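The structure appears below as structure tokens.
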Amino acid sequence: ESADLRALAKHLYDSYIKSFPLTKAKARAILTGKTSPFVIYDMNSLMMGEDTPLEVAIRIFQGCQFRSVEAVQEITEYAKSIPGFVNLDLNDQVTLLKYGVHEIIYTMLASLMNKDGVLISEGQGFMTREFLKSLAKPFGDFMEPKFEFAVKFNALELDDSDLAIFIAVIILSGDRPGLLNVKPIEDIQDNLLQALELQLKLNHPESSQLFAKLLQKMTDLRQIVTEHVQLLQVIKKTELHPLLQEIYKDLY
Amino acid sequence: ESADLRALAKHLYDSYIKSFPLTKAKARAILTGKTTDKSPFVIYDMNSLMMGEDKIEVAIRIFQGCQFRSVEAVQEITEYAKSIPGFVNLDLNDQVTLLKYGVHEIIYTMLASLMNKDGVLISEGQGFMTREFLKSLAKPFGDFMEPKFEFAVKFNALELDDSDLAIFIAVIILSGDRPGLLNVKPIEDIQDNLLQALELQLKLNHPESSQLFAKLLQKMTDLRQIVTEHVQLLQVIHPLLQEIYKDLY
Ligand SMILES: CN(CCOc1ccc(C[C@@H]2SC(=O)NC2=O)cc1)c1ccccn1
Ligand SMILES: CN(CCOc1ccc(C[C@@H]2SC(=O)NC2=O)cc1)c1ccccn1
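Chains as they are written, first to last, in this note's numbering: chain A, 14 to 265; chain B, 291 to 539.
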């Protein structure tokens, strides 16, 4: 029943707004001429951006690291709002979060991104892509895939109410390793995919196959995480915040 | 025909899953360190014993507690047997003579899935009672569990999984040497077919393991020796079990 699906969509959108403060609409308002944040483009501009003696990439890197730990509490709160979720084997509840969190972190980071760079700290600042492309040797290309994805993903032109269902669809995947009770998982996701599809048909009629195109984005998204951990295997060789270790262990 | 035996194996595996909630793939998950969020309560002595009631003579409180899942295990076993191709079509009392003598042999086989060196999972994998704690009980219950642990340690070295276990369960059911059997020919017909399927299954799942088939059929001796030694030990001291101990041997 379609109205049951629309009700599903509104519940996720409402919950989404409560869990996540820097929504895409806000961020796109900031990024456009419709509100102002300090721009970091080289690093003369970086440390006038502190308002320091004497490596910058590591507290950028660990800066990134702790928005990850802020985002995890939000996502987890969000997930609790997905109908059928808390009612799952708590062992699958953490497998789902374990393999869902970075895919969502990167989906939502594209919202705070355009082709020049990325909104940082609740919209306070804006660091550029070419500046991130110019960081210290083991780093300096850790953002570039996120950016490549951000442009392709933002071309779909999703808004927050699309993104709320899509985020849920990611969490309830029936292909996570460690998934014991699968049938309840695929049962909810199949319902979320119907809601999404309907939500795509109403909100973007001009877009042919937008559903399809979006599901496909899931492959670049997975590829972001997979490449980032094999990047993470170059930093503790050659040359990280607790909560992350546990997520990264036994992760393919 | 090879592919049919495979097909027979799947039918058995799927019914095994359905009829048995506490499986070995999950039971081991608990027992290893792979369930990194929900873990069972340990009962390793007296003070840990009862502080547990809020989480899961005391000779009896464990004793009957066995019997009721033993009497509960009976349903899902008996339930299982009716998915075994050509079982319902058997004789309707060699059907029950078969269930009669094998029920325990099976429960003891599936008890080993929930066992390791230290103790045994209980109540839907919510508790875990140590073997030493069992050998230290009142009465002569004090060694009511020990042969079964002895069995498990040996049986688990065979390293069997559920899809292996599903088939072996059926091989036990359709014996061909219960006493109460008259229409025996059609049962040794089905077991002939189950054994082919087991043997082919074991070739595929365990190449590395030499004569795993024969080693596995041999475990059947110790297996019924357990049920045997068991009610020699139930003379020294529920309704449904009593029917079942009916001069069993
Ligand atoms: C340029 N930007 C935006 C990038 O913001 C993020 C980039 C990557 C992540 C994923 C983290 S980083 C890691 O190793 N693991 C993770 O989960 C999370 C956020 C900055 C820069 C400084 C401070 C905060 N933001
Ligand atoms: C240590 N464990 C696992 C043993 O679980 C069982 C042990 C024996 C049986 C066979 C029963 S006992 C008897 O005399 N006759 C029977 O048919 C059935 C189950 C506990 C401990 C407490 C409660 C339940 N389990």
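In this text, a Cβ means the ideal position worked out from N, Cα and C, and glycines have one as well.
The closest CA to that of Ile-260/A, considering only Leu-18/A, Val-82/A, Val-131/A, is found on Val-82/A.
Under DSSP, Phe-358/B shares a beta bridge with no residue. Annotation note: the region 45 to 93 of chain A contains the following uninterrupted alpha helix (DSSP H) runs of length 4 or greater, listed N- to C-terminal: 57 to 60, 69 to 93. Checking the DSSP bridge columns, you'll see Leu-411/B partnered with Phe-418/B.
Within the same chain, and ignoring the five residues on either side of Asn-495/B in sequence, the residues whose Cβ sits closer than 8 Å to its Cβ are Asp-451, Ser-453, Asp-454.
Secondary structure note for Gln-515/B: its alpha helix (DSSP H) is the uninterrupted segment 502 to 522.
Taking 6 Å as the cut-off, one finds no heavy atom of ligand 1 near enough to the beta carbon of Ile-53/A. Short note on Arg-80/A: C-beta closer than 6 Å to some heavy atom of ligand 1. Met-126/A has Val-131/A as its beta-bridge partners, per DSSP. For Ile-184/A against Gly-97/A, the beta-carbon gap comes to about 11 Å, at or over 8 Å, which does not count as contact. Close to chain B, meaning a Cβ-Cβ distance shorter than 7 Å, are the following residues of the region 79 to 111 of chain A: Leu-103, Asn-104, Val-107.
Taking a Cβ-Cβ cut-off of 7 Å, the neighbours of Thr-325/B in chain A comprise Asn-104, given in sequence order.
Looking only at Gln-385/B, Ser-373/B, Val-521/B, the smallest Cα-Cα distance to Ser-465/B is reached by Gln-385/B. The DSSP-derived three-state label of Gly-191/A is coil. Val-114/A is positioned such that its CB atom lies closer than 7 Å to that of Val-85/A. Under the DSSP assignment, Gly-392/B falls in the alpha helix (DSSP H) whose first and last residues are 384 to 400.
Residue environment analysis places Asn-104/A among the buried positions, since at least 16 neighbouring C-beta atoms fall within 10 angstroms of its C-beta.
Contact between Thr-368/B and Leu-389/B holds, since their C-beta atoms are separated by about 6 Å, short of 8 Å. If you draw a straight line from the Cα of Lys-308/B to the Cα of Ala-149/A, it comes to about 56 Å. In summary, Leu-67/A is exposed, with fewer than 16 beta-carbon neighbours lying within 10 Å of its beta-carbon over all protein chains present. For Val-131/A, the shortest separation between its Cβ and any heavy atom of ligand 1 lies below 6 Å.
Closer than 6 Å to some heavy atom of ligand 1: that does not describe the Cβ of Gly-153/A. A distance of 7 Å or more separates the beta carbons of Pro-437/B and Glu-489/B. Contact holds between the region 401 to 418 of chain B and the region 326 to 341 of chain B, because three or more Cβ pairs, one in each stretch, are under 8 Å apart. Assigned with DSSP and collapsed to three states, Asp-433/B falls in helix.
One finds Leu-193 in chain A with Cβ atoms closer than 7 Å to the Cβ of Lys-316/B, taken in chain order. Between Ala-40/A and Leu-125/A the beta-carbon gap is near 5 Å, inside 8 Å, which marks them as a contact. Excluding residues up to 5 positions away in sequence, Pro-151 lie with their Cβ nearer than 8 Å to the Cβ of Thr-251/A in the same chain. Nearest to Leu-101/A by C-alpha distance, out of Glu-14/A, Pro-190/A, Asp-188/A, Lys-196/A, is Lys-196/A. Taking CB atoms only, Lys-493/B has no neighbour in chain A less than 7 Å away. Leaving aside the five residues that flank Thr-325/B on each side, the residues in its chain whose CB is nearer than 6 Å to its CB run, in chain order, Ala-319. Residue-level contact check: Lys-300/B does not touch chain A, since none of the beta carbons of chain A fall below 7 Å from its beta carbon.
Across the structure, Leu-205/A and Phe-74/A are spaced so that their CA atoms are roughly 34 Å apart. For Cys-356/B, the shortest C-beta to heavy atom distance toward ligand 1 is 6 Å or greater.
Using a Cβ-Cβ cut-off of 9 Å, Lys-345/B is close to nothing in chain A; its nearest Cβ partner there is about 15 Å away.
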